[PDB]
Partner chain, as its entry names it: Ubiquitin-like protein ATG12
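First comes one chain, alone, set out as structure tokens in the form deposited without the partner chain.
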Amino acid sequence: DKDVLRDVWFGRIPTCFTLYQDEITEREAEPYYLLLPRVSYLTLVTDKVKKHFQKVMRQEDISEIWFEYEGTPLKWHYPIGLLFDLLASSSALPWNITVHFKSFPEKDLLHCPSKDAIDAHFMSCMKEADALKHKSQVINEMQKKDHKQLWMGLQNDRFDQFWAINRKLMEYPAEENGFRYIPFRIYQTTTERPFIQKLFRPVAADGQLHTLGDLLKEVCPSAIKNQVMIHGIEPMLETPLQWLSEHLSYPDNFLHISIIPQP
């Protein structure tokens, strides 16, 4: 199973960053091509983009940077993979993202905080995830130095360094035979619509393990015409939920599941 973790982690998304046309440039501006980590956040991967376009604009021209796809702004705290699966799966590669330096929508999009604060959203997501899995038991026993290693493991794309700590977060007491609750979030047609996150257990009353279909039957019976997409694949609805929470989660220990129609 360790092979799945590695190809989930090292997943990529070819992306084309084109400067929004409205923007004025001293000299001509090239698109920046790049492979974004599905598990990372737009917050981390874009100083290389900000720096690329830094050259062609005077200080007066430059403002806070933000990203759009097809008119809709991109949330800084949704994982890059999840954003793509939900919003751009049907379109043609590479992922065409528009880069702005003007007209930030203060009404519809959170600000890009210090890189410090995406780290905040990451750790709160892990904390919430751990609360469902363990009654918050494990992440409260880690040294602070471990929280910054989880973060810097995600940040520097070092797999084994990250999963050095994260493995403990995936373990459970033998008698329980699975997590208490599974940390998951379901997304429907757009980012703006509120995601679903309820309580649900990976082991039944009988002792048999619950599947993906059980989660969907219980939490979202509209996915049973529709496509269920996790990290760019459609796992069989007969897939045990506990295994999915263990292997197909994003680094924030959550199962970001997309519901999208065909084709």
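Positions refer to the first chain, counted from 1.
Another form exists, solved in complex with the partner chain; not displayed. Remarks below refer to it.
Chemist: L110 versus the partner chain, in the deposited bound form: is there a non-hydrogen atom within 4.5 Å?
Modeler: Because a heavy atom of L110 falls inside 4.5 Å of the partner chain in the deposited bound form, the answer is yes.
Chemist: Look up in the deposited bound form whether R185 has a non-hydrogen atom within 4.5 angstroms of the partner chain, and give yes or no.
Modeler: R185 belongs to the contact set for the partner chain.
Chemist: Using a 4.5 angstroms cut-off on non-hydrogen atoms, would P194 count as touching the partner chain in the deposited bound form?
Modeler: Because a heavy atom of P194 falls inside 4.5 Å of the partner chain in the deposited bound form, the answer is yes.
Chemist: Can any non-hydrogen atom of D146 be found within 4.5 angstroms of the partner chain in the deposited bound form?
Modeler: Because no heavy atom of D146 falls inside 4.5 Å of the partner chain in the deposited bound form, the answer is no.
Chemist: Of the options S114, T189, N177, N140, which one has a non-hydrogen atom that comes within 4.5 Å of the partner chain in the deposited bound form?
Modeler: For this set of options, the contacting one is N140.
Chemist: Consider the chain as shown here, without its partner, and state which of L86, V99, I118, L132 has a heavy atom within 4.5 Å of the partner chain in the deposited bound form.
Modeler: Selected option: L132.
Chemist: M123, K127 and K198 - do all three of these have some heavy atom no more than 4.5 Å from the partner chain in the deposited bound form?
Modeler: Spot residues vs the partner chain: full contact, yes.
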